[PDB]
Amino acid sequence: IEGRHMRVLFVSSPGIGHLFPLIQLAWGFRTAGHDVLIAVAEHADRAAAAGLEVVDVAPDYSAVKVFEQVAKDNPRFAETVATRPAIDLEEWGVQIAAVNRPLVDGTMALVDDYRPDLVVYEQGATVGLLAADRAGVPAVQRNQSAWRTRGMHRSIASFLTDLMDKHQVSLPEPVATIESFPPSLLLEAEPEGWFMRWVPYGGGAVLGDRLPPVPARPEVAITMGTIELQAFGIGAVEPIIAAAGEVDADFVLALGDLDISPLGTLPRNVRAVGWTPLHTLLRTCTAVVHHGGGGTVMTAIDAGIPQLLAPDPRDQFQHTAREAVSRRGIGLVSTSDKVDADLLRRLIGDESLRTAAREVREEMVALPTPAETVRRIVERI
């Protein structure tokens, strides 16, 4: 009555936010009785800490090697396209291809061994499509954000012809693409776009010997993901904290397990917390300021609170989230360097933002769950 047993292969290419949006679907297939395996090129430990079995298909993956490949393929990319904001993922085809290249041989061998009935791959992992073609099975894409796929896979695959030849693979189209963002957040559709409730996953955690306690007054969260902090430095969040110090409201600062001392003396209305999953933190928060890290927009939506997207102004991948948040009105958009007290008072006080966030939360939770989506994919294939 629940139908045949399947083997599902999940494929995640290196990149910010790529892996975690796959986790609910992976658990979804596993709890529905199917075999699940994840293929990654970096941080396989992260996938195994979600209770999953993982193969690292690129033992010799490295950023340094990626950049060398890009130089061999487009000697001008580094000091042209790579140095400016991005409008379309396809423009980055040469670099995304260099990222996917080290995964190809290991993934083809894995497909041959594992014989999956289905490949689920995150949007930047064109190797997942190649793997599906190798196996002769359907591929389902998972989007993490507002970026449209358009013709990116053709462009990416154009840099992998040697490997496609070697492995006797052609580039197929996915049978479905699972959005992270609800319809009203997107102006343009994916072909075969499916919508699914966003159920936050930021890793397991021992929270302590008790739940993190409810503050007197709900707090405004100030947060930045670890890799963003690594890229841009703690300085990126400093003017946000300074601006928060000038607002009559209470703030909670969540910079992971980073030593926050180089921020100097925190304003007395800003209190630091150690790491917990963001959804856990936002349970007790009135609004959130973030840097557009992986899953942040949708986790703030799950919380039903207004957000301020304030990436470092040097962040090149924020165009489409900026547009989604502004167009729907669930939040405000700035860069971290331009956040001031007036902007934060608008985040906290403008009821329109909260109304929209609430409406979009209702829209999002009326979408099929990951458990329902698994059943719908199983039906589709």
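The first residue of the shown sequence is 1; numbering continues from there.
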Average Cα temperature factor in the PDB entry - higher stretch of 333 to 341, 346 to 354:
333 to 341
Look up the CA B-factors in the entry and say which stretch, 148 to 156 or 225 to 233, has the higher mean.
225 to 233
Among 134, 101, 166, 115, which residue carries the highest C-alpha B-factor recorded in the PDB entry?
166
Checking the record values for 308, 278, 303, 110, which has the greatest CA B factor?
303
If you rank the chain by CA B-factor, which third does residue 27 end up in: lowest, middle or highest?
lowest
Comparing residue 321 with the other modelled residues of its chain, is its CA B-factor in the lowest, middle or highest third?
highest
Chain-wide C-alpha B factor ranking for residue 9, given as lowest, middle or highest third:
lowest
Using only modelled residues of the chain, where does the Cα B factor of residue 368 rank: lowest third, middle third or highest third?
middle
For residue 58, the third of its chain into which the C-alpha B factor falls
middle
